[PDB]
Structures are given as structure tokens and as C-alpha cells.
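Engineer: Quick one: the structure is below, and I'll ask about it shortly.
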Amino acid sequence: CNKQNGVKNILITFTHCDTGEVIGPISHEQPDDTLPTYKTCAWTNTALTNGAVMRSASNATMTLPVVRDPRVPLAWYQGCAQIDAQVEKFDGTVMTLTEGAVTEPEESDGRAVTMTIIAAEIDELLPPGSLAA
Amino acid sequence: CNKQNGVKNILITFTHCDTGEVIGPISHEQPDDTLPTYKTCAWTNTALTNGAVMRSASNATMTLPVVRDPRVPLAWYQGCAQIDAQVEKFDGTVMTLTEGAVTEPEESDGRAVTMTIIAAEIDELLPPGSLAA
Amino acid sequence: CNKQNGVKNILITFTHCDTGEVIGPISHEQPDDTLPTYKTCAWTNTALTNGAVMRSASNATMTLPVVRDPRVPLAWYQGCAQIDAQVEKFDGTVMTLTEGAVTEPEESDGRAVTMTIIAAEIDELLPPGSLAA
Amino acid sequence: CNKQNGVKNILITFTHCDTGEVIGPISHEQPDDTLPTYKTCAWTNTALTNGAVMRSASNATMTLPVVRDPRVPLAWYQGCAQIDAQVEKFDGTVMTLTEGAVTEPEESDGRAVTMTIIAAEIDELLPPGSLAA
Amino acid sequence: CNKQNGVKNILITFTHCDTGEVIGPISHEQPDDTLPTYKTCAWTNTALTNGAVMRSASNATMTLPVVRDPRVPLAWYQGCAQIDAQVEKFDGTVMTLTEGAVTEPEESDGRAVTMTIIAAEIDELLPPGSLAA
Amino acid sequence: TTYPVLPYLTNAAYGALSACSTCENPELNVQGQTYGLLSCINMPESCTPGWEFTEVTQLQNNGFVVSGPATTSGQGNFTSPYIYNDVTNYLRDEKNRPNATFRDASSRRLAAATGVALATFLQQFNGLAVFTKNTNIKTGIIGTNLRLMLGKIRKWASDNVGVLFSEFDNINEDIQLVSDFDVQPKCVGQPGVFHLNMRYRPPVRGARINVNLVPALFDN
Amino acid sequence: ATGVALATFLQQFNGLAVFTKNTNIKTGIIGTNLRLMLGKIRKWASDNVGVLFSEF
Amino acid sequence: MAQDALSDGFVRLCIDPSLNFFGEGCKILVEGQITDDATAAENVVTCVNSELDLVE
Amino acid sequence: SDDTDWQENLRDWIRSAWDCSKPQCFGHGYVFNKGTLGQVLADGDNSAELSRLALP
């Protein structure tokens, strides 16, 4: 089905900064209907006068709400670990993020966590037959 | 039974700072359907640019809405006493906090109290079979 | 892509004054949104009365906020080394300075540095189609 | 865990000038988000005309905001004692300062202290893979 | 109750200079959240070149904001009387200043007073278990 | 065989030093020229040490405390000895396995202190209501159950790292709590009786530095 | 002379707490780790250029 | 005993000007003729440690 | 003394005082060698522990 909009797979990998422990790419699920959102462009434009802009560098971001895995400490979904995420949609798009950092977490009830991850780059893999090199 | 989400037990212990009086671990209940929320990672990250972050100390926090015990002064749930809390969930997670401090209390009607507690650390005890060390 | 304002490339070269060691043209980034500033006219005008001025020698100056390179000692971005710099904008301008001298450095946190460089001259290469000889 | 900016460890050693008593390398923490700042180049440059500078001796300086240790008199963090300090960062940099002197102290509330230390030299130990000698 | 930061008691004593009248150690309070500040080292270091300093005598100072006592004349909290002050903290530290002298008094509205006191020495009594002799 | 001092005086000095004057904090090692000097004993200087270095190595490796003088000369003046290694005679194991768990004398002091401290902490559960079949505690009751007790014990263990313990290899496998009804066969268990198993390590400290020194000459 | 001078310097680490694996030192402890020991040794070596050593 | 700075055995000192800190770089093979007076086994790859073992 | 064997024994002792097997004592020894040029050169046993005073 070409026109289904949703999330098909979420895989995350955890690396503990202080001790270096690792946990393989566990499969995750979502707590509600909200989908992850992305920003894959690493520059920002600010509006000047007469159609000119100012261009400066920034981060590539991802917002990822998931249901925690009962085998991983809740502190790891917050800022105490390094995260490598992949999200696959029904249409075929795959978004890959590596070496991400979790910024300014909010308090969680112990089941559902919403994470704001920043990285230097995010890779996008469109379905077959793209126009952009 | 394996996938029930809720709170099972709440135990609180009070220690008066000015006189040192202690009240044992009384069993408490909740006033409505809102569950407690936690932040067990005692660090904070900020975005900067190009994927870098700034890492600073911050705290470990808990938010605990409970129904007041009619045998304890209302001032002890506010900032005039020290708190030691444990919360047990249906799935098996236990969150133990000791030596807490209540910050910026709001006004209460005398039955329901919402406490914002900070601490140096919070201990999380996962159900058997966890992966993190 | 004609009216964009910002920095495209920054290249710096170091020559140690005491021992003569040299490090090639490393590429640098920026810590925040503040752009470099320039003053390419050597002479200075002081206002007399009745529309007259006094002309004196002065210098050509550049201010360069950059993120430090982890392979170069911090003392080199301060007054302990000789700086050769080029800055390329998005519109095509290139600002070339050689044999710089860093004056009155301030304390740095170890990541971001804001040099203040003075040189005898600075070379400006405009986009094709200039009007000045 | 590669691009984190912050302080990881602070060790301070005290020597009392009047009597020579010594207190070993105690570990310290910070009162807020402000990082320490350094100037590791002794010499100073002053701008003359036509790109020439004047070179003079000056000092190497550190600014160290830390939380006071309840076991050390407050007078020791001020000018009444000699200080040896080390600071380590998450990326691996280590700044070593020995035989420091605290200059022009300001009044402290009793918990937070901000020292201004001057030394003959400061040693910087970069992460593995440096380009300098 | 261990890590609380604040003021627990303030006892001030007044000795009138021109007539020798005395008023016992009245207990005072604070007008706002600003804590007193101290400098208990009676020496000053001025930075010379190459890590050398110059040492001078100077004074020991205390800054004490308090709420005036409606029984003591307002002139006495200004330079017209001699002050013997003690300040106690929640952690157990006690600062004892005797034979103070209020310098450059500022204008007061009649309720809140901020005194700048100087003495030859200020005593500090740390909680039990100190390291310095 | 050639020791020039009355043997019991040295033993008394060592015991007195190691007992009270030093070990009110149990983690200190009585060694070196500063913390292990028997300043109350004096003996003449001699070119001969009594033990050859190989003999010293053998004695140290076989669980014996060795000592030597603070300074050497042939003039025969007085000097004090000091302890090289503060070691107990422990080798092998109760199951006949060689290990170094009790090699250092400070290990015994730390074990005793840990036992006492853990005994004091656990007193808060004496005479406290315990629920073991239905683990829901009604409102207002003062009680606890197994999981909450284990959480408190884990918190206590974690708060003592750097004072009594080195970091735990795996806190989830090092501390375990069980009730008697779970262990004893049916109808034989007793109410309000628990079993606790805890594994810990003592803190580590600097022991030796091997220095290779490679002189060269100015070149190029 | 250098052997003795270096041996005397390193004495300060005898009996000092050493942290490996997790190298974060809890507040108040008296200890060190590899990177800080190396920094102190380098500082001592640098201070001695002109007395025992030629420039490195 | 030895010397006071080295007597306690905390620091164990070795002085050898012929030591090397470098690790093993990757390898190179040299192939050529020999003479009858050589003591090396023919058609066998062997390691060479310095310039001075040659000839014999 | 001018006996080569005795000098070699002293050289071995100084070697021992510098060996890494146990704490070191260090030290340096002085000897002499008298003879013709071709004879004196025959006493050069690469001794870093000795200063040899050549005499005619």
C-alpha cells in the first residue's frame, strides 16, 4: 500500500558514556499516535530586509516518543547515555542517526519517554527511484 | 498482569529539621489518576551547534502527588520537613529516594498535596532479568 | 543563493615564534552565530574644526571567533604563535591576512576562542565584476 | 560521548604559608554552569602602528569557581594559603597548575568561592594525537 | 537537613562610642533573600610579572543586611556605634566578629539596613571534624 | 638468627603502632618510612641487612612481615626499623584456592567494620510489620515488604562507595534478599525471617610503580 | 642524581587512592587517576629543564 | 637497603639506554643472494634486529 | 693495583651496584693502566663503570 503513513520499526542502541557498556539494537514501539519528527538540514536562515537572509550552522534534530524497554534503566533514555536510532516508515523511507545526544529531558512516568536527540547529520534513504543525487 | 500500568505502594518517612522528630514509613495513597514522574539522571545537556553539547550537574527529581495523612501536620508535606520516599509499581519497579528536599511548595486545601522533591540520586530496581549492570 | 550572508570556510596556519614549528592550513568552524569583523583601511581620521581631519598610520585589524582544534595547544591561539588566516563568505569574498599578531588575549574556557589579530595589510578579493582597480 | 563540553574532575591541594600545614588533593565540585577559564601563554602583545607589536612577560592565569569543602577554613580559599590545582575535561584535556597565588579575593557567602590564581606556567595535556611538540 | 544553605541566627551588640552605653545581644532577621558575605583573610595579593605577587595588610570584612530593631536608634546601625556580631548557619558554621566599625554608611528607609563592617580578625568555627589546625 | 634486638620488643612496638595510634580509620596501611616507623626502637647500624633481597622476596611472597632499618652505614650509630609490608599470614582459601582476598591486614579491619555497619543499618526492620502473601499495604499502616527492603539495602550499599567499598561489578547480582517461606519446604518456613547475600570489594590504593629510565644525548 | 630525584617525587602516590574503570572521583575523596598522575609527572619534568635536563 | 629513596621498594627503577618505546610497525621483506660463509639457513624467512648481526 | 683481574672484579661489583635486579647503590670506580700504546688499548673492556688512566 503506497499511501499508508506511519512508523514500521524503531531500533535504538545504547552506549554508556561513563563505563562504555553497550546494548544491541533493541526493537521499540510507540505509546500513542504521535509520530517522530525530523529536521535534516544543518543550517538556519534568519530574515533580513529586502529578501536577504543570514545563514549559520546548527544541529540536525529528531523527536522520538517510545515506550521504554523494561530491561534498560530509565536514566539511559535520559541524558546519561549515547544513542543510535533508526526509524523505518511504511512507504520505505529510513532515517538513520548515530552519535546523538539527549538534551534537556522532562520527567517521565516510567513507561512513555519523549526524547529530543541532536546530531551532526541525519541520513535519509528515500524509496527506489529518487531525483536528487 | 504483566502489562498493567499504575502505582502499587507509596511509603514516606518524615524527619523534622528543627527538632529531629521521626515518623515511620506510613503507607499513602493517591488523590486522582495522575501518576508520579521521575528524572533519575543527574546531568543536563545543552544544544550548542554541530552536534556538540555542554554537560552540567543538575539534580535528580521526583514529583509525588499523595493524599495527606490526617495524623501529620500539613507543614511537614511542605518545606518544613525532610522526606524519604519509595514507590512500587505493578510491573515490579521500585524507586527509592532518601534525604529529599521539597522546593517551592504551592498551597493545598488540606487533603491533596503535590510535592516536588530533589535529591542527589534516585535508585531504580528493575524487574528480574535486566541488561544494564 | 546570491543574497546569503555568512561564513563558508576558515583556514588558519600556525608558526611557533620560539622554535619555528609550523602546522598547515587546518579548517575551522564557529562556536555561535557571531560573524568575523574587519577593518581594512590602514589610516585613521581624527576630526578637527571646519571639516578638517588628521591622518595617522594605525593598523588593519580582524576579529575571529572560532572553535579550537583539539590537535593544537590552546596557547597557540593566544599570543604564543603567528597566525595566517583566510575567510571565505557565501557570496565569494575572500579575506586574506598573513603574518598576524594576536593582541591582549582574554581567558578561554578551552573550546571557544575569540582572537584579535592585527596585520600590516589585509587583502580583499571581491566577486567577479568589481568596479575598483 | 566525544563532543561533550564540561568539567569532569577538580583536585586542589593546600599549603598554609604561615605554618606550612598541608591538606591533600581533595575532590571538588562546581556551584553552577560556569566553566573555568585559562590563559596559558605568559607573554602579552600590545598594538603599535603598522602591524608591529610590543612583547612583555605577564603571567599565566586561571579562574576556578568551586564549592567550598566544609573541612577547610574559608580563609584558605582566599589569599591565606598556597594552591595546587588540576582540572580534567570530558574530552581528555588536563590543566595542571602548581605553586599558585590567589589575587584580590572578593567576599563569599560561605558556600560558593571564585578563585583567581596566577602561576609562572600552566601545563596542558591534550588528548592523544597532538600535532605540536 | 544536612545540605541546607542559609542563615539560622544573627546576634548583634551595640556599644555607643560617645557615652559608652551598651545594649545586649539582640536577635535580628533579614529583609530579603540576600545572605551575608565575608572575607576572613587579612592580607591582599597584587599580581606582578612571572607569577610573583605583592603581599599587604588590608582588613577583614563582613557585609550584613538585616532588619532594624524598632528599639535601637537608626543612627546606631550607621557609623555612630561599635558592633559585635555573630552569624550562625544551618550547617553549623559560626562567624564571630568583635569591635567592628561601620564604614561609609548608606541611606536607609528606616526598616532595612545594610552595614559594611571591618575588623582586625574574624573567627570561623567549622562543624565538627575539621582538617585544619 | 642474627637479629640484634630482643624479639618481643619489636613485636610489641609493631602491635602498639598498628592497634591504636594509627587505626581509628580502618583503611590505612601501616607501611613505609612514614606510617610504619618504629621510632621507639633503636639498633646499631650495620653493612649487613640480616636478610638478603631474595630471602626478603621469599618471606614477603610466603605471608611473612619483613622489616628493615631506616638508614645504613658502617659507623654503628643507632637507627629505627620500619615495616615493608603490612600483611597477614593468609594464603589459599577455605576451599584450598590461592587468592589475595585477606592478603592485607586492613582487609580484616574493613570486613569487621562493614559487618558492624551493616548490622546497625538493618536494625530499622526489627519489629516492623511485614507482608508476604498479599503485598499491598493498606493506607495508614506502617510496614514494608521484600522488594522495598531490597531497594533500601541497595541504596545503602550504593551510598557507601568510596568509604567502605569499591564500585560493584554488578549490583543486580551482588545483593540478593529472600524470605524463609521461599526457601524451606512447604509448612516448615517461619514468619518474618529473611536471608541476605552480599558481595563487596575493598577500595584500591597505589602499590607500585615500575620506572624505565632511558638516557640519551642531544642530537640533530 | 635523576634516578633519586624522580624516586623522591613519585613517593607522594604511595598509599593514595587510585580510580580506574569509572574515573569520576566522588566529591570529598582524596585520590587521583592515570591522566592526572601523567599531568603531574609532565609538570615536574618541565620544571627541571635547566637543572637536570635539556629541552625535550 | 641500597639508598633511602629506593629502599622501601615502592619505586622499582631500571636504567637502560638501549630500550625502545616504539611498537611494531608493519613489515618489509628483503630478498637477495648470500655467500657460502653465511651462517643463515637458505630459503628460510628470518627476522633481522639490527645492522650489526650481518656478514656473519 | 695494576692487575687486570682485580680490576675486572671491581668492575663486576660496580655492575652489580647498578643492576635492576634489586635497589641500586650506584657509584663509579677509578683505575690505571701503564704500558705501550698497543698494550694499553688491550684493556678497553667497554666498561661504563671505570675511568682508565692511561700512562706510558
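By order of appearance in the C-alpha cells: chains A, B, ..., then residues from 1 within every chain, and ligands from 1 in the order shown.
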Compile the contact shell of residue 100 (chain D) as a ChimeraX atom specification: residues with an atom at most 7 Å away, counting only C-alpha atoms, same-chain residues fewer than 2 positions apart removed.
Structural biologist: /D:82-84,97-98,102,117-119
Engineer: Using only C-alpha atoms, select each residue of chain H with any atom at most 12 Å away from an atom of chain F, and give the selection as a VMD selection string.
Structural biologist: chain H and resid 1 to 21
Engineer: At what distance in Å, to one decimal, does CA of residue 108 (chain F) lie from CA of residue 164 (chain F)?
Structural biologist: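 Pair CA of residue 164 (chain F) / CA of residue 108 (chain F) returns 12.4 Å.
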Engineer: Would you mind telling me which residue in E:95, E:26, E:75, E:47 lies nearest to chain D when using only C-alpha atoms?
Structural biologist: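 Checking each of E:95, E:26, E:75, E:47 against chain D, counting only C-alpha atoms, the winner is E:47.
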Engineer: Would you mind telling me which residue in C:19, C:60, C:69, C:108 lies nearest to chain G when using only C-alpha atoms?
Structural biologist: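 Among C:19, C:60, C:69, C:108, it is C:19 that comes nearest to chain G.
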Engineer: Using DSSP on the backbone coordinates, identify all residues within region 32-128 of chain C classified as strand (DSSP E or B); present the result as a PyMOL selection string.
Structural biologist: chain C and resi 37-39+44-47+53-56+60-67+81-89+94-102+108+112-119+123-125
Engineer: Near chain D, meaning an atom within 10 Å, which residues of chain A appear when counting only C-alpha atoms? Write them as JSON, numbers by chain.
Structural biologist: {"A": [15, 16, 17, 18, 20, 80, 81, 82, 83, 99, 100, 101]}
Engineer: Find the residues in chain I near chain F: any atom within 12 Å counts, using only C-alpha atoms. Write them as a CSV table (one decimal) with C-alpha atoms, in the first residue's frame.
Structural biologist:
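And here's part14.csv as it stands now:
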```csv
chain,number,residue,atom,x,y,z
I,20,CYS,CA,67.9,-3.6,38.1
I,21,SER,CA,67.5,-6.9,40.0
I,22,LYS,CA,67.4,-5.0,43.3
I,23,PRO,CA,67.6,-1.5,44.7
I,24,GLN,CA,70.6,0.3,43.3
I,25,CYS,CA,73.6,1.9,45.1
```
Engineer: What are the residues of chain G that have an atom within 8 Å of an atom of chain D, counting only C-alpha atoms, as an NGL selection string?
Structural biologist: :G and (24-31 or 35-36 or 39-40 or 42-43)
Engineer: Write the residues of the selection above to a file with N, CA and C atoms, as a PDB file, in the first residue's frame.
Structural biologist:
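Result written to again-v8.pdb:
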```pdb
ATOM      1  N   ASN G  24      35.404   8.895  37.591  1.00  0.00           N
ATOM      2  CA  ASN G  24      34.815  10.035  38.281  1.00  0.00           C
ATOM      3  C   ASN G  24      35.040   9.881  39.780  1.00  0.00           C
ATOM      4  N   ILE G  25      35.664  10.881  40.393  1.00  0.00           N
ATOM      5  CA  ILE G  25      36.015  10.846  41.807  1.00  0.00           C
ATOM      6  C   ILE G  25      34.926  11.576  42.579  1.00  0.00           C
ATOM      7  N   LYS G  26      34.265  10.868  43.492  1.00  0.00           N
ATOM      8  CA  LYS G  26      33.183  11.472  44.253  1.00  0.00           C
ATOM      9  C   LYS G  26      33.709  12.635  45.079  1.00  0.00           C
ATOM     10  N   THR G  27      32.860  13.640  45.273  1.00  0.00           N
ATOM     11  CA  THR G  27      33.278  14.843  45.977  1.00  0.00           C
ATOM     12  C   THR G  27      33.760  14.504  47.380  1.00  0.00           C
ATOM     13  N   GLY G  28      34.886  15.096  47.770  1.00  0.00           N
ATOM     14  CA  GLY G  28      35.436  14.947  49.096  1.00  0.00           C
ATOM     15  C   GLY G  28      36.518  13.895  49.217  1.00  0.00           C
ATOM     16  N   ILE G  29      36.607  12.973  48.260  1.00  0.00           N
ATOM     17  CA  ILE G  29      37.598  11.909  48.335  1.00  0.00           C
ATOM     18  C   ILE G  29      38.982  12.471  48.037  1.00  0.00           C
ATOM     19  N   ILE G  30      40.004  11.808  48.568  1.00  0.00           N
ATOM     20  CA  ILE G  30      41.396  12.139  48.294  1.00  0.00           C
ATOM     21  C   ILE G  30      41.957  11.030  47.413  1.00  0.00           C
ATOM     22  N   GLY G  31      42.140  11.320  46.131  1.00  0.00           N
ATOM     23  CA  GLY G  31      42.565  10.299  45.192  1.00  0.00           C
ATOM     24  C   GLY G  31      42.988  10.927  43.884  1.00  0.00           C
ATOM     25  N   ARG G  35      45.323   9.956  34.161  1.00  0.00           N
ATOM     26  CA  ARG G  35      45.537  11.182  33.403  1.00  0.00           C
ATOM     27  C   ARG G  35      46.091  12.295  34.278  1.00  0.00           C
ATOM     28  N   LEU G  36      45.641  12.388  35.527  1.00  0.00           N
ATOM     29  CA  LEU G  36      46.133  13.418  36.432  1.00  0.00           C
ATOM     30  C   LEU G  36      47.555  13.128  36.905  1.00  0.00           C
ATOM     31  N   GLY G  39      49.779  14.167  34.126  1.00  0.00           N
ATOM     32  CA  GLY G  39      49.929  15.613  34.092  1.00  0.00           C
ATOM     33  C   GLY G  39      50.911  16.114  35.131  1.00  0.00           C
ATOM     34  N   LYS G  40      50.831  15.573  36.348  1.00  0.00           N
ATOM     35  CA  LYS G  40      51.770  15.985  37.386  1.00  0.00           C
ATOM     36  C   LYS G  40      53.199  15.593  37.027  1.00  0.00           C
ATOM     37  N   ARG G  42      54.469  15.196  33.996  1.00  0.00           N
ATOM     38  CA  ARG G  42      54.927  16.088  32.935  1.00  0.00           C
ATOM     39  C   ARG G  42      55.282  17.460  33.488  1.00  0.00           C
ATOM     40  N   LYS G  43      54.476  17.974  34.418  1.00  0.00           N
ATOM     41  CA  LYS G  43      54.780  19.268  35.014  1.00  0.00           C
ATOM     42  C   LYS G  43      56.109  19.224  35.757  1.00  0.00           C
TER      43      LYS G  43
END
```
Engineer: Could you pull the residues within 8 Å of residue 89 (chain F), counting only C-alpha atoms, minus those fewer than 3 positions along the same chain, as a list in words?
Structural biologist: residues 62, 63, 64 and 103 of chain F
Engineer: Just C-alpha atoms for this one: save the residues we selected as a tab-separated table (two decimals), in the first residue's frame.
Structural biologist:
```tsv
chain	number	residue	atom	x	y	z
F	62	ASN	CA	55.01	-16.51	51.74
F	63	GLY	CA	52.91	-14.36	54.07
F	64	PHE	CA	55.55	-13.01	56.47
F	103	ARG	CA	46.37	-10.60	51.99
```
